[PDB]
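Engineer: here are the coordinates; sequence isn't available:
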């Protein structure tokens with residue numbers, strides 16, 4: 001049968017890879033046949049539900065990968081002397097530094113951020129252990 005996942009049209013580029021590079025690997029991993037159709041729809045053809053089911057998870061996981069230069073919507077959990085902690089999907093708390101809040105100079109981040117508040121964030125660095133440095137100031141887009 002045919003199963004599908006529907007995702008935003010910019011995220012089709014994460015799924016194609018470089019000119020079908022990912023597609024080959026996602027075909028090899030899952031064992032499914034992947035057809036793509038407009039408005040960001042990916043149709044996944046298999047003969048057992050369990051394989052398309054896994055392929056549907058594996059696409060969700062491939063666009064849940066944190067990659068550099070990427071802008072996201074995040075939420076302030078903890079504000080320290082040198083930065084604030086901003087959570088993104090799956091419980092990922094990256095560190096926005098004190099110099100990555102605004103164009104103005106910052107003496108304390110606590111003047112600019114409170115807990116519970118939604119902020120837009122761009123990734124800078126991701127460490128091999130799993131630590132993240134984020135930026136609000138290049139994601140603000142005024």
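Structural biologist: Yes, it's here. Numbering: from 1, shown residues only.
Engineer: For the rest of this, base every contact and every neighbour count on C-alpha atoms.
Structural biologist: OK.
Engineer: what's the lengthiest helix in the chain packed up against?
Structural biologist: Looking across the chain with DSSP state H, the single longest helix is helix 49-62. When contacts are defined as 3 or more CA pairs under 8 Å, 6 or more residues apart in numbering; DSSP states H and E, helix 49-62 packs onto strand 2-6, helix 12-16, helix 21-30, strand 41-45.
Engineer: Out of those, flag the one nearest residue 131.
Structural biologist: helix 12-16 (22.1 Å; CA to CA).
Engineer: quick one on the thing from earlier: and among the helices and strands packed on helix 49-62, the most buried is which?
Structural biologist: strand 41-45 (a mean of 19; mean count of other CA atoms under 10 Å).
Engineer: Name every strand pairing with it and say which way it goes.
Structural biologist: Neighbouring strands of strand 41-45 in its sheet, by DSSP bridges, are strand 2-6 (antiparallel), strand 33-37 (antiparallel).
Engineer: Can you redo those strands as CSV, where the extra columns are distance to residue 106?
Structural biologist: Shown next, in CSV, are the strands paired with strand 41-45 (distance: least, CA to CA, whole Å):
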stretch, distance to residue 106
strand 2-6, 42
strand 33-37, 47
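Engineer: closest to residue 24 out of the ones you listed?
Structural biologist: Closest to residue 24 of these, according to CA to CA: strand 33-37, at 9.5 Å.
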